[PDB]
Every structure is written in C-alpha cells, then in structure tokens.
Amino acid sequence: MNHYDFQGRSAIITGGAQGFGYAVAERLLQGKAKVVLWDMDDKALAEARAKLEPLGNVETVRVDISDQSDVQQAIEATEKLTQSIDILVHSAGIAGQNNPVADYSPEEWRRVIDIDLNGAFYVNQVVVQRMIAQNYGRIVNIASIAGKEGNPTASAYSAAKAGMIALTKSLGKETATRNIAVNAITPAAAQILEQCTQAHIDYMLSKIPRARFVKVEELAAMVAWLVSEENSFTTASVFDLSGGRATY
C-alpha cells in the first residue's frame, strides 16, 4: 500500500456520505487531511461522520449542489471550519432514468443536467476562487465512462458527464499558470447497480475487459494521488478507471 501525505491540507468532498466520496474521504483521512463532507442527505452525513471520526477530523455541510445559492452558503460555512480550502473531489450526482432519446422525459433531462453538470460548475466556481487566492489547489471531478462514449438510453447522463469533462479542460487551462491542478476521472460501473437485472449486469461486464466492476478502493487510491502535491504538472486531463474498456 502507498501513502499519500495530506498534512496541513483541507478537502471538500461532495457526495461524501457514501459511495465514491466516502471511500475518498476514508483515504484522505489516512493522509491526515481535514475533510469536509458535502451532501444532500443529512441522515447519511450523520452516519458517515460517526464511522469516520475514529479515523480523524471530519466535518459535514448539508447542501444541494444543484442549487447555486445553497452552494454559496456551503462554501462560506466551510470557510468557518478550515484554515484553507486545498482539495476538491466533486462526487455528487445522480444516475438518471434510462430511456431512449425518442422517449426521454424533458423534466428528467433538465433534472440530470442541473445536478450532474450545472451543479459541478457551481461547486468548481466557488472552490477554485479560494484556490486562486492561495495559489494552491487540486481538483478531481468524478465523471464517467458515459461522458466519453455516449451510452445508449442514457443520453442525459452521458451529455452531463461530457460537459463536466469540457468544463474540466477549460478550467484547467485557465489556471495553468498557477499551482492548481484540475482533472477528471472516468470510472466504469461500481459494485446503485443492484437495481439492475442479472442479464443487464452481464452486458455491462462484457464491455469491460477486466470482467469486473471497479472497487471503491481502487478509485479512492487514484483520486488520492491526483489530489496530492506530486500531481504538480498534469492538468486539464482525463484519467481513466474503466478497466480497459475506454479507447481514448
């Protein structure tokens, strides 16, 4: 096992109460970062803080990242809890319902874009402002393989994740002359997936050459390096976690 140092650094992790964000918070606490969990569910946040407290110092902020005003209230509350805001791992988002474009609900389309794309912009804006003021920052926007490939019957989700990738490329080059790294990750499906049929699971696994889904352990390990100081050159890039499926 590697060790990523985070002493003196503070991190914001949206969607940190469970799943990918929780696994990243668990690893950043091993690097002894100060972790602030952003999530919409106040109940899940309370269970996360209870599990993670024996691992280190953790704070929680209730916020809907698709509401820009709630994001503005969240970043100010976080400033009262930290000395600086050094790391952002944007993991909040929904999967959206599955439907062909010909049948997709306009309301569901707008809901997916607001949460998975507009929300990512709101969070990235207020956090990078602090990173600019301190001339330090590391950002990882957790996208998806769907953003690269355009999965059939998931157009809204795929379109939202592709915007997050372009947002990442744009924001990265805007801050390239500063000590700020802005990158994204395109993971495959994770072990959310239990609502699927077995035949549907066999189809998803047939597109992944490793024949298995990514473990939250493996995502958190790669995120931990991407938000460390040693990631001092690569920015506006996409790091893959698809197990051999992606071709670019």
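Start at 1 with the first residue shown and count on from there.
Stretches 49-57 and 205-213 differ in mean C-alpha B factor, with the higher average recorded for 49-57. Per-stretch averaging of Cα B factors for 5-13 and 230-238 places 5-13 on top. Remark: of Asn141, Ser170, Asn151, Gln73, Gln73 shows the highest value [criterion: C-alpha B-factor in the PDB entry]. In the deposited coordinates, the residue among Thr177, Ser155, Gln83, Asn118 with the greatest CA B-factor is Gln83. For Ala77, the recorded CA B-factor ranks within the highest third of the chain. Only modelled residues enter the ranking. Among all modelled residues in this chain, the alpha-carbon of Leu28 has a temperature factor (C-alpha) in the middle third.
In this PDB entry, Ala188 carries a Cα temperature factor that places it within the middle third of its chain's modelled residues.
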